[PDB]
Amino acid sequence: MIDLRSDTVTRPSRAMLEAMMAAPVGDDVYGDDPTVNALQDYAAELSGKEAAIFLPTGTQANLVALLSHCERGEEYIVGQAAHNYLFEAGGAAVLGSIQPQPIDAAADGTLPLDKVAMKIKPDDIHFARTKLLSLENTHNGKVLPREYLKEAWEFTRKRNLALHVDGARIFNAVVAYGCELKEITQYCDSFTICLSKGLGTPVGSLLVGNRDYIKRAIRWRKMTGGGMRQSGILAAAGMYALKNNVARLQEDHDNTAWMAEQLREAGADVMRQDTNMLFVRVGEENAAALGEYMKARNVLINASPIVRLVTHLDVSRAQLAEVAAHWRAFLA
């Protein structure tokens, strides 16, 4: 089975499973789970932050981050296509009583600061109270320019606004920058880390930030339903992932870069390629046809006019070759 629908489908390696089954555990609600604590301390330390908290999903990581930053009536400036505005079902507004102020991202994935500036509300009773700027790195595989990350950080300080980064795929960006995680997380107040995508974990995400901030985050995690018990079994996998699966993300990137060239030399229309993502304009007509045609040969893609292919540790290059052949044969 060749699954290119997303990097969320990565399954645990035997080594990861072993680390999981041998991890000492405790009751996380009581703060007695050794492995959970260890994962959190390690993440805080690696990012230059004071604390971190483990969550069941990146969606809850963001929901909690937003609740922790914004009180009732406050607002967050975010992307119209950002995950914590568009793909978390309006959670920040629906459950958190937070006003979202979405704006279109530039082609490079950043939120134009001149545009963010026009959305910062005056301190007048007619408006929501602007409090947070939220970013997303990577954004649809897009690695945000580092100069912008720094400028966004400077700008938010000037405007007394906090800055959050949805880092579901932050390690993909890190590998692509060729720098240390800390050199990019210094430009935010808080950020998330998904362990269940390219890092290969079964479940789990982390929210990282200032001690006091994280303390509030614990309150919100409890209310939203993410305060688990012996979650050390899951956190164990995250530690294994962070110590063994970061560098090979480069293989996912090289594989995507390779596949783009393949599909290219196969009649396919590759719109763009970034880190572990490739976007192909298949078109309305062949969209559903291609979907079934692939699934028939154990190749899974989220069929659509513009298909998003995502590489990861459970897809090898030979497997990409075979999918490339099938795609080159489909065009007949």
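All residue numbers are counted from 1 along the displayed sequence.
The PDB entry records a higher mean C-alpha B factor for 251 to 259 than for its counterpart among 251 to 259 and 225 to 233. Taking only CA atoms, the mean B-factor in the PDB entry is higher for 236 to 244 than for the other of 236 to 244 and 88 to 96. The maximum CA B-factor among the listed residues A51, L63, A288, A38, taken from the PDB record, is found at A288. Each of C70, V280, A43, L55 has a CA temperature factor in the record; the biggest one is found at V280. In this PDB entry, the Cα temperature factor of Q186 sits in the middle third of its chain's modelled residues.
Annotation for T130: C-alpha temperature factor in the lowest third relative to the rest of the modelled chain, per the entry. In the PDB entry, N210 places in the highest third of its chain by CA B-factor. Annotation for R146: C-alpha temperature factor in the highest third relative to the rest of the modelled chain, per the entry. Ranked by Cα temperature factor within the chain, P112 sits in the highest third according to the deposited record.
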